[PDB]
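Participant: Structure supplied as coords-v4.txt; contents: compact mmCIF, C-alpha atoms.
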```
# COMPACT_ATOMS: atom_id res chain seq x y z
CA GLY I 1 0.00 0.00 0.00
CA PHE I 2 1.63 3.17 -1.30
CA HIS I 3 0.95 6.89 -1.58
CA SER I 4 1.62 9.16 -4.54
CA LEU I 5 2.67 12.73 -5.26
CA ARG I 6 1.74 13.47 -8.88
CA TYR I 7 1.90 16.62 -11.01
CA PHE I 8 0.05 17.32 -14.26
CA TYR I 9 1.18 19.95 -16.78
CA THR I 10 -0.88 21.09 -19.77
CA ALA I 11 0.45 23.71 -22.19
CA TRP I 12 -1.48 24.45 -25.37
CA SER I 13 -1.02 27.11 -28.03
CA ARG I 14 -3.61 29.63 -29.17
CA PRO I 15 -2.48 29.97 -32.81
CA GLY I 16 -3.73 33.48 -33.16
CA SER I 17 -5.66 34.13 -29.91
CA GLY I 18 -3.01 35.23 -27.42
CA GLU I 19 0.15 33.57 -26.16
CA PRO I 20 0.06 29.88 -25.15
CA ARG I 21 -1.55 28.90 -21.86
CA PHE I 22 0.08 26.81 -19.13
CA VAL I 23 -1.81 25.03 -16.34
CA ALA I 24 -0.22 22.89 -13.63
CA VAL I 25 -1.96 20.97 -10.85
CA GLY I 26 -0.54 18.75 -8.12
CA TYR I 27 -2.06 15.75 -6.39
CA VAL I 28 -1.36 13.67 -3.32
CA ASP I 29 -3.19 10.45 -4.16
CA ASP I 30 -6.75 11.43 -5.15
CA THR I 31 -6.68 14.90 -3.52
CA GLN I 32 -5.63 18.05 -5.36
CA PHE I 33 -3.55 20.50 -3.34
CA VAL I 34 -1.94 23.11 -5.64
CA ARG I 35 -2.58 24.84 -8.96
CA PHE I 36 -1.04 27.32 -11.39
CA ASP I 37 -2.70 29.02 -14.37
CA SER I 38 -0.62 31.33 -16.59
CA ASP I 39 -3.75 33.27 -17.62
CA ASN I 40 -4.04 35.15 -14.31
CA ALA I 41 -2.91 38.76 -13.94
CA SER I 42 0.30 37.99 -12.02
CA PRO I 43 0.03 34.20 -11.82
CA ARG I 44 1.04 32.45 -8.61
CA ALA I 45 1.10 28.95 -7.21
CA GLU I 46 -2.06 28.65 -5.15
CA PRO I 47 -3.33 26.25 -2.48
CA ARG I 48 -6.29 23.97 -3.16
CA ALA I 49 -6.25 21.74 -0.03
CA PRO I 50 -6.76 22.90 3.58
CA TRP I 51 -3.32 21.91 4.92
CA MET I 52 -1.68 23.97 2.15
CA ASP I 53 -2.93 27.09 3.96
CA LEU I 54 -0.29 26.39 6.64
CA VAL I 55 2.67 25.92 4.30
CA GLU I 56 3.48 29.64 4.43
CA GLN I 57 4.26 29.43 8.16
CA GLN I 58 6.06 26.08 7.81
CA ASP I 59 8.07 26.95 4.67
CA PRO I 60 8.26 30.73 4.20
CA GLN I 61 9.82 30.34 0.73
CA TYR I 62 7.47 27.67 -0.66
CA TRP I 63 5.12 29.99 -2.54
CA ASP I 64 7.80 32.16 -4.14
CA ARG I 65 9.97 29.13 -4.98
CA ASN I 66 7.13 27.36 -6.78
CA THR I 67 5.59 30.48 -8.32
CA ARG I 68 9.00 31.27 -9.83
CA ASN I 69 9.26 27.64 -10.97
CA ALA I 70 5.85 27.58 -12.66
CA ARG I 71 6.19 30.98 -14.34
CA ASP I 72 9.57 29.81 -15.61
CA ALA I 73 8.03 26.52 -16.76
CA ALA I 74 5.35 28.43 -18.68
CA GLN I 75 8.08 30.22 -20.63
CA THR I 76 9.99 27.10 -21.67
CA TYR I 77 6.89 25.19 -22.79
CA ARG I 78 5.86 28.21 -24.86
CA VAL I 79 9.15 27.78 -26.73
CA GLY I 80 8.78 24.00 -26.53
CA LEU I 81 5.52 24.19 -28.47
CA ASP I 82 7.30 25.98 -31.33
CA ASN I 83 10.21 23.52 -31.28
CA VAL I 84 7.94 20.46 -31.39
CA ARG I 85 5.80 22.10 -34.07
CA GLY I 86 8.91 22.36 -36.25
CA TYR I 87 9.85 18.76 -35.43
CA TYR I 88 6.66 17.62 -37.18
CA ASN I 89 6.92 20.39 -39.84
CA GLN I 90 3.52 21.74 -38.79
CA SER I 91 2.16 25.15 -39.74
CA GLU I 92 1.52 28.02 -37.33
CA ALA I 93 -2.23 27.82 -37.98
CA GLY I 94 -3.27 24.96 -35.70
CA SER I 95 -3.40 24.60 -31.93
CA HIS I 96 -1.29 21.92 -30.27
CA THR I 97 -0.93 20.58 -26.74
CA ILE I 98 2.03 19.48 -24.61
CA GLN I 99 1.18 17.37 -21.56
CA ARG I 100 3.44 16.21 -18.75
CA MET I 101 2.91 13.82 -15.83
CA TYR I 102 5.57 13.18 -13.20
CA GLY I 103 5.78 12.04 -9.61
CA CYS I 104 6.76 9.31 -7.19
CA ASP I 105 5.16 6.20 -5.69
CA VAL I 106 6.34 5.55 -2.13
CA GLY I 107 5.76 2.47 0.01
CA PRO I 108 4.82 2.56 3.70
CA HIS I 109 8.07 3.40 5.49
CA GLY I 110 9.01 6.25 3.16
CA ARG I 111 10.69 4.02 0.56
CA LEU I 112 10.52 4.97 -3.11
CA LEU I 113 8.87 2.39 -5.38
CA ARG I 114 8.91 4.13 -8.77
CA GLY I 115 9.40 7.58 -10.24
CA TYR I 116 8.17 8.73 -13.61
CA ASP I 117 8.22 11.65 -16.04
CA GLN I 118 6.08 11.14 -19.15
CA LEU I 119 5.13 13.64 -21.85
CA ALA I 120 2.56 13.66 -24.64
CA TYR I 121 2.14 15.79 -27.75
CA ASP I 122 -1.43 16.23 -29.01
CA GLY I 123 -2.63 13.48 -26.69
CA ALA I 124 -0.20 10.78 -27.87
CA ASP I 125 2.99 9.56 -26.23
CA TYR I 126 6.07 11.65 -27.04
CA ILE I 127 8.93 10.91 -24.61
CA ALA I 128 9.08 9.19 -21.23
CA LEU I 129 11.71 8.64 -18.56
CA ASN I 130 12.41 4.93 -18.23
CA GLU I 131 11.86 2.95 -15.04
CA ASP I 132 15.56 2.88 -14.14
CA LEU I 133 15.30 6.71 -14.08
CA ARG I 134 18.43 6.86 -16.25
CA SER I 135 17.27 6.87 -19.89
CA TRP I 136 14.46 8.10 -22.13
CA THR I 137 12.16 6.43 -24.66
CA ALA I 138 11.15 8.56 -27.64
CA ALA I 139 7.85 7.49 -29.17
CA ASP I 140 8.59 8.61 -32.74
CA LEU I 141 11.29 10.15 -34.93
CA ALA I 142 10.35 13.73 -34.04
CA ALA I 143 10.82 13.02 -30.33
CA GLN I 144 14.39 11.84 -31.01
CA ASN I 145 15.29 15.53 -31.25
CA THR I 146 14.22 15.96 -27.62
CA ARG I 147 15.83 12.70 -26.46
CA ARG I 148 19.21 13.63 -27.95
CA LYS I 149 18.97 17.06 -26.30
CA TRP I 150 18.09 15.65 -22.89
CA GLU I 151 20.70 12.88 -23.01
CA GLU I 152 23.62 15.20 -23.80
CA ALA I 153 22.51 17.56 -21.00
CA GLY I 154 22.19 14.74 -18.46
CA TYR I 155 18.57 15.58 -17.65
CA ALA I 156 17.78 12.03 -16.48
CA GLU I 157 20.13 12.46 -13.51
CA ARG I 158 18.47 15.74 -12.49
CA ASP I 159 15.10 14.00 -12.79
CA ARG I 160 16.30 11.04 -10.72
CA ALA I 161 17.62 13.49 -8.12
CA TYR I 162 14.19 15.10 -7.73
CA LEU I 163 12.23 11.84 -7.91
CA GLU I 164 14.42 10.15 -5.29
CA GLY I 165 14.71 13.30 -3.18
CA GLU I 166 12.24 16.18 -2.93
CA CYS I 167 9.38 14.10 -4.37
CA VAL I 168 9.65 11.59 -1.52
CA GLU I 169 10.37 14.32 1.04
CA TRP I 170 7.40 16.48 0.02
CA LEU I 171 5.00 13.55 -0.28
CA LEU I 172 5.97 12.84 3.33
CA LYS I 173 5.52 16.47 4.42
CA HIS I 174 2.14 16.58 2.70
CA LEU I 175 0.99 13.22 4.11
CA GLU I 176 1.78 14.29 7.66
CA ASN I 177 0.70 17.94 7.39
CA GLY I 178 -2.51 16.77 5.72
CA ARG I 179 -3.13 13.56 7.66
CA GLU I 180 -6.73 14.61 8.31
CA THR I 181 -7.50 14.91 4.59
CA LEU I 182 -5.06 12.40 3.10
CA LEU I 183 -4.84 9.47 5.54
CA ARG I 184 -8.67 9.48 5.64
CA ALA I 185 -10.34 6.19 4.64
CA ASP I 186 -14.01 7.12 4.32
CA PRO I 187 -16.31 4.22 3.39
CA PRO I 188 -19.16 4.87 0.94
CA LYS I 189 -22.85 5.35 1.66
CA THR I 190 -24.43 2.35 -0.08
CA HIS I 191 -28.06 1.66 -0.99
CA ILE I 192 -30.05 0.06 -3.82
CA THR I 193 -32.75 1.89 -5.78
CA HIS I 194 -35.29 0.51 -8.24
CA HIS I 195 -36.73 1.41 -11.65
CA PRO I 196 -39.11 -1.01 -13.39
CA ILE I 197 -39.45 -0.59 -17.13
CA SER I 198 -41.89 -3.36 -18.03
CA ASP I 199 -44.40 -5.41 -16.07
CA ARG I 200 -41.68 -7.88 -16.80
CA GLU I 201 -38.29 -6.19 -16.43
CA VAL I 202 -36.68 -4.06 -13.71
CA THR I 203 -33.47 -2.12 -13.08
CA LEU I 204 -31.50 -2.58 -9.84
CA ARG I 205 -29.04 0.26 -9.20
CA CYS I 206 -26.43 -0.14 -6.45
CA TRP I 207 -25.01 3.21 -5.31
CA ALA I 208 -21.85 4.15 -3.41
CA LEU I 209 -21.66 7.79 -2.33
CA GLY I 210 -19.04 9.99 -0.68
CA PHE I 211 -16.10 7.58 -0.45
CA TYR I 212 -12.37 8.34 -0.44
CA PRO I 213 -10.00 7.23 -1.86
CA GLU I 214 -11.36 6.78 -5.39
CA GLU I 215 -10.53 3.07 -5.70
CA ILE I 216 -13.67 0.95 -5.29
CA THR I 217 -15.08 -2.30 -6.65
CA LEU I 218 -18.80 -2.82 -7.29
CA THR I 219 -19.92 -6.31 -8.32
CA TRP I 220 -23.39 -7.72 -8.96
CA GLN I 221 -24.04 -11.40 -8.29
CA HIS I 222 -26.91 -13.78 -9.07
CA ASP I 223 -26.93 -16.70 -6.61
CA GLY I 224 -23.20 -16.17 -6.11
CA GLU I 225 -22.42 -15.93 -9.84
CA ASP I 226 -20.58 -12.82 -11.01
CA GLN I 227 -22.59 -10.60 -13.37
CA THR I 228 -19.80 -8.24 -14.47
CA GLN I 229 -20.44 -8.82 -18.19
CA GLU I 230 -24.14 -7.98 -17.76
CA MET I 231 -24.02 -4.86 -15.57
CA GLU I 232 -23.75 -1.14 -16.36
CA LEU I 233 -20.71 0.25 -14.51
CA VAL I 234 -20.64 4.05 -14.63
CA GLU I 235 -17.33 5.89 -14.42
CA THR I 236 -16.43 7.13 -10.94
CA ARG I 237 -17.21 10.82 -10.44
CA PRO I 238 -16.05 13.58 -8.08
CA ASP I 239 -18.74 14.45 -5.53
CA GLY I 240 -17.67 18.12 -5.46
CA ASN I 241 -16.45 17.90 -1.84
CA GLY I 242 -13.26 15.87 -2.17
CA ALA I 243 -15.05 12.50 -2.35
CA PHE I 244 -16.38 10.25 -5.12
CA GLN I 245 -19.44 8.32 -6.29
CA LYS I 246 -20.16 5.33 -8.54
CA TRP I 247 -23.11 3.03 -9.18
CA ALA I 248 -23.57 -0.37 -10.84
CA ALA I 249 -26.90 -1.29 -12.43
CA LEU I 250 -28.51 -4.56 -13.49
CA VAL I 251 -31.76 -5.48 -15.25
CA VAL I 252 -33.42 -8.45 -13.59
CA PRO I 253 -36.52 -10.64 -13.96
CA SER I 254 -39.27 -8.86 -12.04
CA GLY I 255 -40.16 -10.60 -8.79
CA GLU I 256 -36.79 -12.39 -8.63
CA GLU I 257 -34.95 -9.54 -6.91
CA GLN I 258 -33.78 -11.28 -3.72
CA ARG I 259 -31.43 -13.57 -5.73
CA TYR I 260 -29.20 -10.57 -6.59
CA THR I 261 -26.52 -9.24 -4.26
CA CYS I 262 -24.23 -6.21 -4.62
CA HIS I 263 -20.62 -6.75 -3.52
CA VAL I 264 -18.78 -3.58 -2.46
CA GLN I 265 -15.02 -3.46 -1.85
CA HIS I 266 -13.45 -0.29 -0.43
CA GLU I 267 -10.28 0.44 1.53
CA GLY I 268 -12.09 2.30 4.32
CA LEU I 269 -14.45 -0.65 4.84
CA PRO I 270 -14.00 -3.22 7.64
CA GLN I 271 -14.77 -6.04 5.20
CA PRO I 272 -16.44 -6.21 1.77
CA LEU I 273 -20.20 -5.77 1.97
CA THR I 274 -22.90 -7.96 0.42
CA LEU I 275 -26.07 -5.98 -0.34
CA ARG I 276 -29.52 -7.34 -1.05
CA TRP I 277 -32.53 -5.19 -1.76
CA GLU I 278 -35.63 -5.36 0.42
CA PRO I 279 -39.02 -3.55 0.39
CA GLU W 1 -8.75 12.58 -34.08
CA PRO W 2 -10.33 14.71 -31.30
CA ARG W 3 -11.62 12.65 -28.38
CA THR W 4 -15.25 13.23 -27.51
CA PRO W 5 -16.28 14.05 -23.93
CA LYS W 6 -18.41 11.87 -21.68
CA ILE W 7 -20.92 13.73 -19.53
CA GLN W 8 -22.60 12.94 -16.22
CA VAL W 9 -24.94 15.48 -14.58
CA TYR W 10 -25.82 15.06 -10.92
CA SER W 11 -26.46 16.35 -7.41
CA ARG W 12 -24.02 15.63 -4.60
CA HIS W 13 -26.70 14.35 -2.21
CA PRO W 14 -29.98 12.47 -2.80
CA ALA W 15 -32.20 15.33 -3.90
CA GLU W 16 -35.57 16.57 -2.69
CA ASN W 17 -37.13 19.98 -3.27
CA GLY W 18 -36.51 22.80 -0.83
CA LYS W 19 -33.32 21.34 0.64
CA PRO W 20 -30.37 22.97 -1.18
CA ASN W 21 -27.68 20.84 -2.75
CA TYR W 22 -24.80 20.90 -5.25
CA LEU W 23 -25.33 20.34 -8.98
CA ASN W 24 -22.28 19.03 -10.84
CA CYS W 25 -21.49 18.34 -14.50
CA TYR W 26 -18.54 15.95 -14.85
CA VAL W 27 -16.98 16.09 -18.33
CA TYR W 28 -14.16 13.66 -19.05
CA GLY W 29 -12.40 11.65 -21.73
CA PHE W 30 -11.95 14.53 -24.18
CA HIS W 31 -9.11 16.09 -26.18
CA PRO W 32 -8.15 18.89 -27.19
CA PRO W 33 -8.39 20.72 -23.83
CA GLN W 34 -10.53 23.68 -24.98
CA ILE W 35 -14.24 23.34 -24.16
CA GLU W 36 -17.27 25.30 -23.01
CA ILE W 37 -19.16 23.89 -20.02
CA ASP W 38 -22.08 25.71 -18.43
CA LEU W 39 -24.94 24.56 -16.23
CA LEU W 40 -28.20 25.92 -17.60
CA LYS W 41 -31.17 26.91 -15.42
CA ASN W 42 -34.33 26.77 -17.56
CA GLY W 43 -32.19 27.22 -20.66
CA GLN W 44 -30.38 30.18 -19.07
CA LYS W 45 -26.72 30.31 -18.08
CA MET W 46 -25.99 30.03 -14.37
CA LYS W 47 -22.82 31.36 -12.78
CA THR W 48 -20.61 28.41 -11.91
CA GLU W 49 -17.21 27.31 -10.64
CA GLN W 50 -14.95 25.13 -12.79
CA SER W 51 -12.22 22.81 -11.52
CA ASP W 52 -8.56 22.95 -12.50
CA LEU W 53 -7.51 21.21 -15.71
CA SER W 54 -6.14 17.69 -15.20
CA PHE W 55 -5.90 14.57 -17.35
CA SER W 56 -5.98 10.79 -17.03
CA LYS W 57 -3.24 8.29 -17.88
CA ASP W 58 -4.59 7.97 -21.44
CA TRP W 59 -3.96 11.77 -21.75
CA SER W 60 -7.68 12.64 -21.94
CA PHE W 61 -8.86 15.57 -19.83
CA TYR W 62 -11.57 15.81 -17.18
CA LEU W 63 -13.31 18.83 -15.64
CA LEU W 64 -15.89 19.37 -12.91
CA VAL W 65 -18.39 22.24 -13.10
CA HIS W 66 -20.71 23.01 -10.20
CA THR W 67 -23.03 25.53 -8.55
CA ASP W 68 -25.24 25.69 -5.49
CA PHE W 69 -28.70 24.63 -6.65
CA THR W 70 -32.08 24.40 -4.93
CA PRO W 71 -34.32 21.66 -6.38
CA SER W 72 -37.85 22.65 -7.32
CA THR W 73 -40.62 21.12 -9.42
CA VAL W 74 -41.10 24.09 -11.78
CA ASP W 75 -37.54 24.43 -13.09
CA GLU W 76 -35.24 22.41 -15.36
CA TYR W 77 -31.52 21.59 -15.05
CA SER W 78 -29.24 21.04 -18.05
CA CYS W 79 -25.49 21.03 -18.75
CA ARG W 80 -24.40 22.48 -22.10
CA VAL W 81 -21.08 21.13 -23.39
CA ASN W 82 -19.27 22.17 -26.56
CA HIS W 83 -16.05 20.75 -27.96
CA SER W 84 -14.24 20.46 -31.28
CA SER W 85 -15.25 16.78 -31.48
CA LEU W 86 -18.96 17.73 -31.53
CA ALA W 87 -20.92 19.00 -34.52
CA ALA W 88 -22.85 21.31 -32.17
CA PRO W 89 -23.17 21.87 -28.40
CA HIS W 90 -24.63 18.89 -26.55
CA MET W 91 -27.12 19.49 -23.73
CA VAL W 92 -27.61 16.88 -20.99
CA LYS W 93 -30.42 17.16 -18.43
CA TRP W 94 -29.98 16.58 -14.70
CA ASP W 95 -32.21 13.60 -13.93
CA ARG W 96 -33.24 12.95 -10.32
CA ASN W 97 -31.92 9.41 -11.00
CA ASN W 98 -28.55 9.74 -12.69
CA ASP Z 1 7.93 21.39 -4.88
CA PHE Z 2 7.61 21.35 -8.64
CA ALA Z 3 10.33 19.37 -10.39
CA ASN Z 4 12.66 20.89 -12.95
CA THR Z 5 11.17 21.71 -16.34
CA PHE Z 6 13.18 20.63 -19.38
CA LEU Z 7 12.86 22.17 -22.83
CA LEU Z 8 11.51 20.05 -25.69
```
Write the structure described by the file as structure tokens, please.

Facilitator:
Amino acid sequence: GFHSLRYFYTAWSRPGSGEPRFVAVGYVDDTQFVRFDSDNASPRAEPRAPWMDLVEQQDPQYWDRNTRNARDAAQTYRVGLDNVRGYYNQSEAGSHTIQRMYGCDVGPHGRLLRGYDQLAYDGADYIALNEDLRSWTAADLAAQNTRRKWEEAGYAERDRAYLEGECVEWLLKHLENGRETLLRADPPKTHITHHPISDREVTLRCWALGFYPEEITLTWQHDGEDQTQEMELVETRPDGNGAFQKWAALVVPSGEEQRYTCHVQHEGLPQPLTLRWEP
Amino acid sequence: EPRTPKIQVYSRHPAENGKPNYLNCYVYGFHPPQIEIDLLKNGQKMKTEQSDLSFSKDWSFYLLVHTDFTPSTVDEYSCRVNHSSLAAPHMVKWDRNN
Amino acid sequence: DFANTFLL
């Protein structure tokens, strides 16, 4: 059981509609805690989780360090868009997107499990730092321009330094400073609703509301037989208050409801639940 | 080539009239990042708050749009999404049973 | 903290 500090960068051009835009968000597990948007008047790194409102007293240079980092990053991806556009011999007319995802996965006692730094151009893989954190994989011929640049500059070592160092150290600071929010293991609120459609066919919908973290498993069973192939599993959604929701639906023979059970697996649950429906 | 968004429209809590709640419009699985998301109140644009841009491991984006809403029986709730992958803006209605 | 940003 690990925790994660992950960052997400999106920089897209407005080919005739202002300079490019740069947006960066940071996550600890499934909770967002920081943001940066280059469109603001004088853009700054800003808190998005409660415990981040105390980082100014705990680290008096955190906001200016990261604001300077993000504003700098916005500049280099602005140029990066033009470089990559020339790599593919693309015109100035279209809009294009650079995406970046990096962070660390850390096991219980503060031990690093894996770092990563992956980038995409127009929604497809471009270059990624390998698992040994010492080499890059370019996805196409155009990305070999970037890989040759980054190899000769030794950028993999600087990435490994961060991923093995500050990434683990700040995931630990965040975990402890935000233990209330992050180490939370809230089970879902579960219940089964009902929507007949015929005098002859009926929908059973098994809900799970307000759970954190996002990982959850909903399974429908008929007399102990898994009905995964026959159910309608909706994509998990953010509840708007730092938690999540998800339901699984089945269509059953009317009158034969009590042979169907909903199996719910969540981390903040004592044991997996088996749910029947009852009038 | 553009990826088309998937849209769920919902309340945070099991809804009943009078009691105020939170109406959300979750838009995910799309690309390029530019979009227009508004929650409409009887076909009219509400004032809303939009989440910060993030993306999934398949590089598709997701956004949450929300506003304080008070359920009634006389008024309608819709979310109007527009994206380059759509021929025209798509409007989804908030159904008491999402 | 943010990591370093490298130029494409």

Participant: Nearest residue to chain W out of I:221, I:31, I:241, I:91, using all atoms listed in the file?

Facilitator: I:241

Participant: With a cut-off of 7 Å and counting only C-alpha atoms, select all residues of chain I in contact with chain Z and give the selection as a ChimeraX atom specification.

Facilitator: /I:66,69,73,76-77,80,83-84,146,162,170

Participant: What's the 9 Å shell around stretch 88-95 of chain W, counting all atoms listed in the file, without same-chain residues fewer than 4 positions away, as number ranges by chain?

Facilitator: W: 7-11, 23-25, 36, 40, 76-84

Participant: Sort by chain and increasing residue number a table of all residues of chain W within 10 Å of chain I, each with its closest pair of atoms and their distance in Å to one decimal, counting all atoms listed in the file, and write it as a tab-separated table.

Facilitator:
```
residue	atom	partner	partner_atom	distance
W:1	CA	I:122	CA	9.6
W:2	CA	I:123	CA	9.1
W:3	CA	I:123	CA	9.2
W:6	CA	I:235	CA	9.5
W:8	CA	I:237	CA	8.2
W:9	CA	I:237	CA	9.9
W:10	CA	I:239	CA	8.9
W:11	CA	I:239	CA	8.2
W:12	CA	I:239	CA	5.5
W:13	CA	I:209	CA	8.3
W:14	CA	I:209	CA	9.6
W:22	CA	I:240	CA	7.7
W:23	CA	I:240	CA	8.7
W:24	CA	I:240	CA	7.1
W:25	CA	I:237	CA	9.6
W:26	CA	I:237	CA	6.9
W:27	CA	I:237	CA	9.5
W:28	CA	I:237	CA	9.6
W:30	CA	I:123	CA	9.7
W:31	CA	I:123	CA	7.0
W:32	CA	I:97	CA	7.4
W:33	CA	I:12	CA	8.0
W:34	CA	I:12	CA	9.1
W:51	CA	I:240	CA	9.4
W:52	CA	I:25	CA	7.1
W:53	CA	I:23	CA	6.9
W:54	CA	I:8	CA	6.3
W:55	CA	I:8	CA	7.2
W:56	CA	I:8	CA	9.3
W:57	CA	I:101	CA	8.5
W:58	CA	I:123	CA	7.9
W:59	CA	I:123	CA	5.4
W:60	CA	I:123	CA	7.0
W:61	CA	I:123	CA	9.5
W:63	CA	I:238	CA	9.6
W:64	CA	I:238	CA	7.5
W:65	CA	I:240	CA	8.7
W:66	CA	I:240	CA	7.5
W:67	CA	I:240	CA	9.7
W:97	CA	I:193	CA	9.2
W:98	CA	I:247	CA	9.3
```

Participant: Report, in Å with one decimal, the straight-line distance from atom CA of residue I:75 to atom CA of residue I:174.

Facilitator: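 Calculated distance between atom CA of residue I:75 and atom CA of residue I:174 is 27.7 Å.
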